[PDB]
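Listed here are the chains, written in short residue letters.
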Amino acid sequence: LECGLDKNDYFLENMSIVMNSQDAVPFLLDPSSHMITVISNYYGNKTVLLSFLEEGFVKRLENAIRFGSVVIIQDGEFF
Amino acid sequence: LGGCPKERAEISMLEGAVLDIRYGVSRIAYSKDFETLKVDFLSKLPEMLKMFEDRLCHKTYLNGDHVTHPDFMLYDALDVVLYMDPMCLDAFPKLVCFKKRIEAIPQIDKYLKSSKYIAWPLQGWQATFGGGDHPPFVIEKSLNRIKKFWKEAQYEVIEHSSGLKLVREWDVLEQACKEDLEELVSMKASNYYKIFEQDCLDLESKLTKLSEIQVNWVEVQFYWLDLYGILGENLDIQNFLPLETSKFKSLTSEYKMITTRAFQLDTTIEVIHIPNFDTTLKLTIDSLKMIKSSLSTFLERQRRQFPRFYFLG
Amino acid sequence: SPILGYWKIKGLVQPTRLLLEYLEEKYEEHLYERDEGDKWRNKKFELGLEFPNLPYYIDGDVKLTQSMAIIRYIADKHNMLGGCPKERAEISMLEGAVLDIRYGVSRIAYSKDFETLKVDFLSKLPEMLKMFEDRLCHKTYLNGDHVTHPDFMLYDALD
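## Examining the environment of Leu28 of chain A
Residues and elements named next belong to chain A.
Here comes step 1: Along the chain, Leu28 falls in the loop between α1 (9-20) and α2 (35-43).
Here comes step 2: In this structure, the C-alpha to C-alpha distance between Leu28 and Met15, residues 13 residues apart in sequence, is 9.6 Å.
Here comes step 3: Setting aside chain neighbours within four positions, we find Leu28 in contact with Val18, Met35 and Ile39.

Here it is as structure tokens:
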């Protein structure tokens, strides 16, 4: 909540589902990209944002995986 | 050890070839250059390794169908050379086998799992190769590939109709620098880069300076080549613009010496070490822009005098 | 008559050359000069040596490289390995200690830091020489009443 998660019980349950289990990658859908910043406030410096549409994506992820960087990928529709 | 001359020398030849690997390591292990030297070692290595691959064909152990100490040697060797090169054994599946075979022997396997087994390091901690106490890593493996890449920097050089030589195919090196720069920034995210980090910060200062001079140099190269079409060739155009052509030619001299001095260095990176490069080109591009700006004022003032010229272009 | 390839210098063949001359056995040579680095690379692969390099020795389809494997071969082909497990292992230990001197030389010899590195080589050398001084108390040659091939190895080193 301190990051800026919404008060709604629905949005609490959702955030819980994202975090609590990560034996698998979570897919976040939100029209208002309010959520992209919530996860950013949580991981701080470590937060590196990418998008399937940028050209350097292919290499930037290889750099992200090698040095423990927490990654959010901005365009999930295109994969 | 063997029964007599022949069988004893056979078992010693196994001893020997094992040492020709253990020793081969130590000869390039103290070296400061190790990340570059292994290349020429691994090229020779084949010739030596081959002999062992053959010996291992149709035989259970070197020196025969009865197991010798050489089998426990090859096992250790194979385990060790794979760390030095990940692909060195893949071309000898016969050894990859012998290795697993040995590890299968109940006494041996019980040992590898025992307390007496030293899992690492490979050499004395002090050694450059296989040293250190810091059980794991890719910070060094990558930085070796970065430095290797920048001591192979090549600029296609192609001289045009007049004096000066042109640098073709900018983007490739241009891209690589930006990528390699992004790589070092993401290296700060890593936990294990802290002390090894200081040197990378020096390589960061070296490449951030290389992009500083990369940005300005393509501008100069571009703006000069364009202006060369316009004033470099005609007498009539330089007749109309005397102050403009006298200032173009003065920069043409400087840049001719700047290129030929920079190419003969034979390392694009080494260019950052050259005196007054960022300052030279920043000042050259400023003056090149003043000529192009003055031509632009000439054409528009020509057009305003006879407003048909507005149609022409 | 065996065929021996090596530099025209003492280098990696000397001990072997002596042993051969000791058994008055004849042989023929491929001598590479110091600046004939080509002539070698020209035959480096046209010889069928089991570890192409210098030196390399070829006899009755006995293809050898590695000074030790070579010398031992010639030696063994004339029953000179030793008369029991003990005396055979003793002769091998001599082989070893001789190389711990021949090699000891080469590790401080290529160094640019030679003028001060030889100092640490010569300080270790004594401990090696000493063992031979003792062995030579109440014996005629190292390892007994007959001169051994390891004595020809130590002689190259000494030189």
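## Let's talk about the interface of chain A and chain B
Buried accessible area, meaning the area lost when the parts come together, often serves as the stated size of an interface.
Here comes step 1: With seven residues of chain A at the contact, the number on the chain B side is nine residues.
Here comes step 2: Residue composition of the side of chain A that touches chain B, by class: one nonpolar, two polar and four charged.

## Considering the sheet that holds strand β2 (residues 28-32) of chain C
All names here are of chain C.
Here comes step 1: Strand order in the open sheet formed by four strands is β2-β1-β3-β4, with mixed pairing between adjacent strands. Edge strands, defined here as strands with exactly one partner in the open sheet, are β2 and β4 (63-65). Taken over all neighbouring pairs, the strand axes of this sheet differ in orientation by 15° on average, direction set aside.
Here comes step 2: Here three bridges tie strand β1 (residues 3-7) to strand β3 (residues 56-58), and the two strands are oriented antiparallel to one another. Looking at β3, one finds that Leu4 is bridged to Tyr57.

## Here's the deal with the domain arrangement of chain B
Here comes step 1: Domain parsing of chain B yields domain 1 (1-137) and domain 2 (138-305).
Here comes step 2: The centre of domain 1 of chain B, based on its C-alpha atoms, is set 49 Å off from the matching centre of domain 2 of chain B.

## Details of the packing of aromatic side chains
Here comes step 1: Note on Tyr10 of chain A and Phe11 of chain A: the rings are 6.4 Å apart at their centroids and 70° apart in plane angle, and the pair reads as edge-to-face.
Here comes step 2: Aromatic pair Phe222 of chain B and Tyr223 of chain B: ring centres 5.6 Å apart, planes at 80°, arrangement edge-to-face.
Here comes step 3: Among the aromatic residues, those joined into a ring-pair cluster are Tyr155, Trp170, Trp217 and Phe277 of chain B.

## Section: the pairing of strand β1 (residues 156-159) of chain B
All names here are of chain B.
Here comes step 1: In this sheet, strand β2 (residues 165-168) lies alongside β1 in antiparallel orientation, the contact comprising four bridges. Paired with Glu156 across the bridge in β2 is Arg168.
Here comes step 2: In sequence, β1 turns back onto β2 through a hairpin of five residues.

## Thoughts on the packing of helix α8 (residues 197-232) of chain B against helix α10 (residues 242-263) of chain B
All names here are of chain B.
Here comes step 1: The N-to-C vectors of α8 and α10 enclose an angle of 135°; their axes lie 12 Å apart at closest approach. With respect to each other, α8 and α10 are oriented oblique. Judged by the twist between their axes, the crossing of α8 over α10 is left-handed. Contacts between α8 and α10 pair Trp217, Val220, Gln221, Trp224, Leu227, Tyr228, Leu231 and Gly232 from the former with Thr245, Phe248, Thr252, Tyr255 and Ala262 from the latter.
Here comes step 2: Of the residues belonging to the contact of α8 with α10, the class tally is nine nonpolar, four polar and no charged.

## Comments concerning the pattern of salt bridges
Here comes step 1: One salt bridge in this structure joins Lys292 of chain B and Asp226 of chain B, with 2.8 Å as the shortest N-O distance. Here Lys292 of chain B is found in helix α11 (residues 277-305), whereas its partner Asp226 of chain B is found in helix α8, with 66 residues between them in sequence.
Here comes step 2: With a closest N to O distance of 2.9 Å, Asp278 of chain B and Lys282 of chain B form a salt bridge. One end of the pair, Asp278 of chain B, and the other, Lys282 of chain B, are both in helix α11, four residues apart, so they sit about a helical turn from each other.
Here comes step 3: Salt bridges here are not isolated pairs; linked through shared partners, they connect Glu54 and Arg60 of chain A together with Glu182 of chain B.

## Quick word on the packing of helix α6 (residues 139-150) of chain B against helix α7 (residues 170-186) of chain B
All names here are of chain B.
Here comes step 1: At a minimum axis distance of 12 Å, the contact between α6 and α7 shows a crossing angle of 155°. The angle between α6 and α7 falls in the class roughly antiparallel. As α6 runs across α7, the sense of the crossing is left-handed. Where α6 abuts α7, its residues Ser142, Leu143, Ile146, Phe149 and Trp150 lie against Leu173, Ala176, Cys177, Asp180, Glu183 and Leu184.

Here is what the cut-offs are and how they apply
- Residues numbered from 1 in each chain as written, not as in the entry; some residues may be left out.
- Chains lettered and ligands numbered in written order.
- Part of a larger assembly, values for the part shown.
- Heavy atoms only, no water.
- Residues with missing side-chain atoms left out of burial classes, pairs and counts.
- Helix = DSSP H or I, 4+ residues; strand = E, 2+ residues; numbered from the N terminus.
- Contact = heavy atoms within 4.5 Å.
- Nonpolar A, V, L, I, M, F, W, Y, C, P; charged D, E, K, R; others polar.
- Pairing = 2+ DSSP bridges.
- Axes fitted to C-alpha atoms, helices over the stretch in contact; angles between N-to-C directions.
- Domains from an automatic or database assignment.
- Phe/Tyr/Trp six-rings, centres within 6.5 Å; stacked < 30°, edge-to-face > 60°.
- Parallel < 35°, antiparallel > 145°, perpendicular 65-115°, else oblique.
- Left-handed = near helix turned anticlockwise from the far one by under 90°.
- Salt bridge = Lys/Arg side-chain N within 4 Å of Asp/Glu carboxyl O.

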